[PDB]
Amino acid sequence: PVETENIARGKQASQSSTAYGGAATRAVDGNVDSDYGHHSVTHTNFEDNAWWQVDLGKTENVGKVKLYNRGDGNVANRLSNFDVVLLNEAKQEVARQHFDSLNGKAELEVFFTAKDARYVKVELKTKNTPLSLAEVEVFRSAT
């Protein structure tokens, strides 16, 4: 049971690198449109262990992180073999979940057990592959 407010929206975002103009802030712009050509999907270099991060700006009790995959050009499978990580204000890991695949689905819902975190990170574990996210949404645990 989570709150409805997407607390990642408009927050400071960063990523390992930026390519094809795929600014990290596109994942927190309030637009889940997954077509790259519509300018709301991020893109890093083709590199090893690409990552993307949002800073929630303070410590929040997180219950759910929802990822929206890229949908055009059939390169959806680049979001595979990845971690979703929650960090504290000191940037130490407080939670981590591993996923093989989204299995063709446009989105993934990730449920955390009432974790107090300031940062949310997506980390690819794969070589020479870019990280592209249409959107990352984060919701507080319902109190």
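Residue indices: 1-based, along the sequence shown.
Trainee: Please compare 54-62 with 70-78 and name the stretch with the higher mean C-alpha B-factor in the deposited structure.
Mentor: Higher mean C-alpha B-factor in the PDB entry: 70-78.
Trainee: Output the stretch having the higher mean C-alpha B factor in the entry; the candidates are 112-120 and 98-106.
Mentor: Comparing averages over the C-alpha atoms only gives 98-106.
Trainee: Whose C-alpha has the highest temperature factor in the PDB entry: 132, 15, 25, 126?
Mentor: Among 132, 15, 25, 126, the highest C-alpha B-factor in the entry belongs to 126.
Trainee: Where does the C-alpha B-factor of residue 33 rank in its chain, lowest, middle or highest third?
Mentor: Within its chain, residue 33 is a lowest-third residue by C-alpha B-factor, going by the deposited values.
Trainee: Please rank the C-alpha B-factors of the chain's modelled residues and tell me whether residue 42 sits in the lowest, middle or highest third.
Mentor: Residue 42: CA B-factor falls in the lowest third of its chain.
Trainee: In terms of the CA temperature factor given in the entry, to which third of its chain does residue 2 belong: lowest, middle or highest?
Mentor: Highest third.
Trainee: For the chain shown, is the CA B-factor of residue 8 in the lowest, middle or highest third of its modelled residues?
Mentor: Its C-alpha B-factor belongs to the middle third of this chain's values.
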